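So this one's coords-v5.txt, compact mmCIF, N, CA, C and O atoms:
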# COMPACT_ATOMS: atom_id res chain seq x y z
N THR G 82 116.87 206.70 37.23
CA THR G 82 116.01 207.86 37.10
C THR G 82 115.30 208.13 38.43
O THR G 82 115.20 209.28 38.87
N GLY G 83 114.88 207.06 39.11
CA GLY G 83 114.15 207.23 40.36
C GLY G 83 114.98 207.86 41.46
O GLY G 83 114.46 208.61 42.28
N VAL G 84 116.29 207.56 41.49
CA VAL G 84 117.14 208.08 42.55
C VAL G 84 117.61 209.50 42.30
O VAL G 84 118.31 210.07 43.15
N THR G 85 117.27 210.09 41.16
CA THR G 85 117.64 211.47 40.89
C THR G 85 116.90 212.39 41.85
O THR G 85 115.66 212.41 41.88
N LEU G 86 117.65 213.16 42.63
CA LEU G 86 117.05 214.12 43.55
C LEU G 86 116.85 215.46 42.85
O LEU G 86 117.59 215.83 41.93
N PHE G 87 115.84 216.20 43.30
CA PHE G 87 115.45 217.45 42.67
C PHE G 87 115.49 218.57 43.70
O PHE G 87 115.46 218.34 44.91
N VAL G 88 115.57 219.80 43.19
CA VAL G 88 115.63 221.00 44.02
C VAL G 88 114.61 222.00 43.49
O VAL G 88 114.42 222.13 42.27
N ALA G 89 113.93 222.68 44.41
CA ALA G 89 112.95 223.68 44.04
C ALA G 89 113.66 224.92 43.52
O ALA G 89 114.58 225.44 44.17
N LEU G 90 113.23 225.40 42.36
CA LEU G 90 113.74 226.65 41.81
C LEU G 90 112.97 227.86 42.31
O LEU G 90 113.49 228.98 42.24
N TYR G 91 111.74 227.66 42.79
CA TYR G 91 110.90 228.76 43.24
C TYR G 91 110.20 228.35 44.53
O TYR G 91 110.06 227.16 44.84
N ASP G 92 109.74 229.35 45.27
CA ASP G 92 108.87 229.10 46.42
C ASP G 92 107.51 228.63 45.92
O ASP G 92 107.07 228.97 44.82
N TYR G 93 106.81 227.86 46.76
CA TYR G 93 105.45 227.45 46.43
C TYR G 93 104.64 227.27 47.70
O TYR G 93 105.08 226.59 48.63
N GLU G 94 103.46 227.88 47.73
CA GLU G 94 102.54 227.77 48.86
C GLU G 94 101.36 226.91 48.41
O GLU G 94 100.58 227.32 47.55
N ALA G 95 101.24 225.72 49.00
CA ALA G 95 100.15 224.83 48.65
C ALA G 95 98.83 225.35 49.22
O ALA G 95 98.81 226.07 50.22
N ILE G 96 97.73 224.97 48.57
CA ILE G 96 96.40 225.34 49.01
C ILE G 96 95.53 224.14 49.36
O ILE G 96 94.35 224.32 49.68
N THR G 97 96.07 222.93 49.30
CA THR G 97 95.35 221.73 49.72
C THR G 97 96.29 220.82 50.49
O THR G 97 97.51 220.86 50.29
N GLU G 98 95.71 220.01 51.37
CA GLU G 98 96.52 219.14 52.23
C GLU G 98 97.41 218.21 51.41
O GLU G 98 98.50 217.85 51.85
N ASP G 99 96.96 217.82 50.21
CA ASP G 99 97.66 216.82 49.42
C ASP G 99 98.94 217.34 48.79
O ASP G 99 99.74 216.54 48.29
N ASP G 100 99.15 218.66 48.79
CA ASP G 100 100.29 219.26 48.12
C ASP G 100 101.28 219.79 49.14
O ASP G 100 100.92 220.19 50.25
N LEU G 101 102.55 219.81 48.74
CA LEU G 101 103.61 220.30 49.61
C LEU G 101 103.87 221.78 49.36
O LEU G 101 103.84 222.24 48.21
N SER G 102 104.12 222.51 50.44
CA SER G 102 104.64 223.87 50.37
C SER G 102 106.15 223.81 50.52
O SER G 102 106.67 222.98 51.29
N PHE G 103 106.87 224.67 49.81
CA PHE G 103 108.33 224.63 49.91
C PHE G 103 108.94 225.96 49.51
O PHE G 103 108.29 226.82 48.92
N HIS G 104 110.21 226.11 49.88
CA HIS G 104 111.02 227.26 49.51
C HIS G 104 111.97 226.88 48.38
O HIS G 104 112.39 225.73 48.27
N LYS G 105 112.30 227.86 47.55
CA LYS G 105 113.42 227.72 46.63
C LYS G 105 114.62 227.16 47.37
O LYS G 105 114.95 227.58 48.48
N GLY G 106 115.29 226.20 46.74
CA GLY G 106 116.47 225.59 47.30
C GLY G 106 116.25 224.32 48.11
O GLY G 106 117.22 223.64 48.43
N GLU G 107 115.00 224.01 48.47
CA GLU G 107 114.69 222.78 49.19
C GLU G 107 114.69 221.60 48.23
O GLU G 107 114.36 221.72 47.05
N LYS G 108 115.12 220.45 48.74
CA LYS G 108 115.39 219.29 47.91
C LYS G 108 114.33 218.22 48.14
O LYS G 108 113.70 218.14 49.20
N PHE G 109 114.17 217.38 47.12
CA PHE G 109 113.10 216.39 47.13
C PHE G 109 113.57 215.07 46.53
O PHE G 109 114.36 215.03 45.58
N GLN G 110 113.04 213.99 47.10
CA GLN G 110 113.04 212.68 46.49
C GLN G 110 111.69 212.49 45.82
O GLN G 110 110.65 212.78 46.42
N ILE G 111 111.70 212.06 44.57
CA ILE G 111 110.46 211.90 43.81
C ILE G 111 109.94 210.48 44.01
O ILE G 111 110.65 209.50 43.74
N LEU G 112 108.70 210.37 44.49
CA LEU G 112 108.10 209.07 44.78
C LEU G 112 107.30 208.53 43.60
O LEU G 112 107.28 207.31 43.38
N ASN G 113 106.63 209.40 42.86
CA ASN G 113 105.87 208.98 41.69
C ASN G 113 105.79 210.16 40.74
O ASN G 113 105.40 211.26 41.13
N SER G 114 106.17 209.92 39.48
CA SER G 114 106.09 210.93 38.43
C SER G 114 105.33 210.39 37.23
O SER G 114 105.56 210.82 36.10
N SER G 115 104.42 209.44 37.47
CA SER G 115 103.67 208.77 36.42
C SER G 115 102.19 209.13 36.45
O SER G 115 101.34 208.30 36.11
N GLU G 116 101.87 210.36 36.86
CA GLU G 116 100.49 210.82 36.87
C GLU G 116 100.37 212.25 36.34
O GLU G 116 99.39 212.93 36.65
N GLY G 117 101.35 212.71 35.56
CA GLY G 117 101.24 214.00 34.92
C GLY G 117 102.20 215.07 35.40
O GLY G 117 103.32 214.76 35.83
N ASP G 118 101.77 216.33 35.33
CA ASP G 118 102.62 217.46 35.67
C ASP G 118 102.82 217.62 37.17
O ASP G 118 103.59 218.49 37.58
N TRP G 119 102.17 216.80 37.99
CA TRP G 119 102.30 216.85 39.43
C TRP G 119 102.95 215.55 39.89
O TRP G 119 102.44 214.46 39.59
N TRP G 120 104.07 215.66 40.58
CA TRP G 120 104.79 214.50 41.08
C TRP G 120 104.54 214.32 42.57
O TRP G 120 104.48 215.30 43.31
N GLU G 121 104.41 213.07 43.01
CA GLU G 121 104.46 212.78 44.43
C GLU G 121 105.91 212.80 44.88
O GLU G 121 106.76 212.15 44.27
N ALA G 122 106.20 213.56 45.93
CA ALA G 122 107.57 213.77 46.35
C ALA G 122 107.65 213.69 47.86
O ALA G 122 106.65 213.84 48.57
N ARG G 123 108.86 213.44 48.35
CA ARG G 123 109.18 213.53 49.77
C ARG G 123 110.10 214.72 49.97
O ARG G 123 111.14 214.82 49.31
N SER G 124 109.73 215.62 50.88
CA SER G 124 110.60 216.73 51.23
C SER G 124 111.79 216.20 52.02
O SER G 124 111.61 215.50 53.02
N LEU G 125 113.00 216.51 51.56
CA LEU G 125 114.20 216.11 52.28
C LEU G 125 114.51 217.02 53.46
O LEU G 125 115.52 216.82 54.14
N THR G 126 113.66 218.02 53.72
CA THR G 126 113.78 218.85 54.92
C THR G 126 112.86 218.36 56.03
O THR G 126 113.30 218.20 57.18
N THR G 127 111.59 218.12 55.72
CA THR G 127 110.60 217.76 56.72
C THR G 127 110.25 216.28 56.72
O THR G 127 109.75 215.78 57.72
N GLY G 128 110.51 215.58 55.61
CA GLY G 128 110.05 214.22 55.46
C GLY G 128 108.60 214.08 55.05
O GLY G 128 108.14 212.95 54.88
N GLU G 129 107.88 215.19 54.90
CA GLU G 129 106.49 215.12 54.47
C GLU G 129 106.43 214.65 53.02
O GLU G 129 107.33 214.91 52.21
N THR G 130 105.34 213.95 52.69
CA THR G 130 105.10 213.48 51.33
C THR G 130 103.85 214.15 50.79
O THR G 130 102.88 214.38 51.52
N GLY G 131 103.87 214.47 49.51
CA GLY G 131 102.75 215.12 48.85
C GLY G 131 103.13 215.43 47.43
O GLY G 131 104.24 215.13 46.97
N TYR G 132 102.19 216.05 46.72
CA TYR G 132 102.40 216.38 45.32
C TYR G 132 103.04 217.75 45.18
O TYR G 132 102.79 218.67 45.96
N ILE G 133 103.92 217.87 44.18
CA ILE G 133 104.56 219.13 43.85
C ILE G 133 104.41 219.39 42.36
O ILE G 133 104.29 218.44 41.58
N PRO G 134 104.38 220.66 41.93
CA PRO G 134 104.37 220.97 40.49
C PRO G 134 105.77 220.75 39.92
O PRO G 134 106.73 221.38 40.36
N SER G 135 105.88 219.85 38.93
CA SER G 135 107.20 219.44 38.46
C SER G 135 107.96 220.58 37.80
O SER G 135 109.20 220.58 37.80
N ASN G 136 107.25 221.57 37.25
CA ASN G 136 107.93 222.70 36.62
C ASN G 136 108.59 223.62 37.64
O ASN G 136 109.27 224.57 37.25
N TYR G 137 108.39 223.36 38.93
CA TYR G 137 109.02 224.15 39.98
C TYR G 137 110.33 223.54 40.47
O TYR G 137 111.00 224.17 41.30
N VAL G 138 110.69 222.35 40.01
CA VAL G 138 111.89 221.67 40.48
C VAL G 138 112.78 221.30 39.29
O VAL G 138 112.34 221.26 38.14
N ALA G 139 114.04 221.04 39.60
CA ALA G 139 115.04 220.65 38.61
C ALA G 139 116.02 219.70 39.28
O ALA G 139 116.13 219.69 40.51
N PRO G 140 116.73 218.89 38.50
CA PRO G 140 117.72 217.98 39.11
C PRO G 140 118.77 218.76 39.88
O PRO G 140 119.26 219.80 39.44
N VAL G 141 119.12 218.24 41.06
CA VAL G 141 120.07 218.93 41.94
C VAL G 141 121.40 219.14 41.24
O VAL G 141 122.03 220.20 41.37
N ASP G 142 121.86 218.14 40.48
CA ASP G 142 123.17 218.23 39.87
C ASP G 142 123.23 219.29 38.78
O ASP G 142 124.32 219.79 38.48
N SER G 143 122.09 219.66 38.20
CA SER G 143 122.07 220.64 37.12
C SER G 143 122.36 222.05 37.60
O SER G 143 122.57 222.94 36.77
N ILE G 144 122.38 222.29 38.92
CA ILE G 144 122.68 223.63 39.42
C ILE G 144 124.14 223.98 39.17
O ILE G 144 124.45 224.99 38.53
N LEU G 145 125.06 223.14 39.66
CA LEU G 145 126.47 223.41 39.46
C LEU G 145 126.84 223.41 37.98
O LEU G 145 127.79 224.08 37.57
N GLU G 146 126.09 222.67 37.16
CA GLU G 146 126.36 222.57 35.73
C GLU G 146 125.71 223.70 34.94
O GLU G 146 125.78 223.69 33.70
N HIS G 147 125.11 224.67 35.61
CA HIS G 147 124.44 225.77 34.92
C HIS G 147 125.45 226.60 34.14
O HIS G 147 126.57 226.85 34.59
N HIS G 148 125.04 227.02 32.95
CA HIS G 148 125.88 227.87 32.11
C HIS G 148 125.79 229.32 32.58
O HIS G 148 124.79 230.01 32.32
Mind turning the file's structure into structure tokens?
Amino acid sequence: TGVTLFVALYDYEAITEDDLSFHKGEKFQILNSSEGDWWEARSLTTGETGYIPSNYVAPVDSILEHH
């Protein structure tokens, strides 16, 4: 479960240093998902770490499997 990579479905502009800003289509490694609707993630584009809203991302593999 930990090695599952995720992809942003929507753009997001963070308003605090602790959160990541990202574009739709950018991919993430999830560092911690045990504190609620906000996951600690690493951006696979910049390498920055921060919290992301989990409802903005989906498993990368689920894109090709979309109906």
What is the CA of residue 136 (chain G)-atom O of residue 148 (chain G) distance in Å, reported with one decimal?
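Taking CA of residue 136 (chain G) as the start and atom O of residue 148 (chain G) as the end point, the length is 18.9 Å.
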Spatial neighbours of region 94-105 of chain G, 6 Å, all atoms listed in the file, chain gap at least 4 places, as a short mmCIF file (atom, residue, chain, number, x, y, z; two decimals) with N, CA, C and O atoms, in the frame of the given file:
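Written output follows (out19.cif):
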data_model
loop_
_atom_site.label_atom_id
_atom_site.label_comp_id
_atom_site.auth_asym_id
_atom_site.auth_seq_id
_atom_site.Cartn_x
_atom_site.Cartn_y
_atom_site.Cartn_z
N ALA G 89 113.93 222.68 44.41
CA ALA G 89 112.95 223.68 44.04
C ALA G 89 113.66 224.92 43.52
O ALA G 89 114.58 225.44 44.17
N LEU G 90 113.23 225.40 42.36
CA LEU G 90 113.74 226.65 41.81
C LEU G 90 112.97 227.86 42.31
O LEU G 90 113.49 228.98 42.24
N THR G 130 105.34 213.95 52.69
CA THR G 130 105.10 213.48 51.33
C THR G 130 103.85 214.15 50.79
O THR G 130 102.88 214.38 51.52
N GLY G 131 103.87 214.47 49.51
CA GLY G 131 102.75 215.12 48.85
C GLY G 131 103.13 215.43 47.43
O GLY G 131 104.24 215.13 46.97
N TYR G 132 102.19 216.05 46.72
CA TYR G 132 102.40 216.38 45.32
C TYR G 132 103.04 217.75 45.18
O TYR G 132 102.79 218.67 45.96
N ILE G 133 103.92 217.87 44.18
CA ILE G 133 104.56 219.13 43.85
C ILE G 133 104.41 219.39 42.36
O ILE G 133 104.29 218.44 41.58
#
Can you measure atom C of residue 92 (chain G) to atom C of residue 107 (chain G) for me? One decimal in Å is fine.
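So the answer is 10.3 Å.
With distances taken over all atoms listed in the file, G:111 is the one residue among G:116, G:111, G:126, G:138 lying closest to residue 82 (chain G).
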Could you find all residues in chain G that DSSP calls helix (DSSP H, G or I) from the backbone, and write them as an NGL selection string?
:G and (135-137 or 142-145)
Could you name the residues that touch residue 135 (chain G) at 6 Å or less, counting all atoms listed in the file, but leaving out those on the same chain fewer than 4 positions away, as an MDAnalysis selection string?
chainID G and resid 118:120 139
Can you pull out every residue within 7 Å of residue 142 (chain G), counting only N, CA, C and O atoms, but drop anything in the same chain fewer than 5 positions away, and send it as a VMD selection string?
chain G and resid 86 to 87 147
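The residue that comes closest to residue 106 (chain G), out of G:128, G:121, G:140, G:88 and on the basis of only C-alpha atoms, is G:88.
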Please give the complete set of residues from chain G that DSSP, run on the backbone, assigns to strand (DSSP E or B), formatted as a list in words.
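Going through chain G, the strand (DSSP E or B) residues come out as residues 86, 87, 88, 89, 93, 100, 103, 108, 109, 110, 111, 112, 113, 119, 120, 121, 122, 123, 124, 130, 131, 132, 133, 134, 138, 139 and 140 of chain G.
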Figure out the distance between CA of residue 83 (chain G) and CA of residue 143 (chain G), please, to one decimal in Å.
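Atom-to-atom, CA of residue 143 (chain G) to CA of residue 83 (chain G), that is 15.9 Å.
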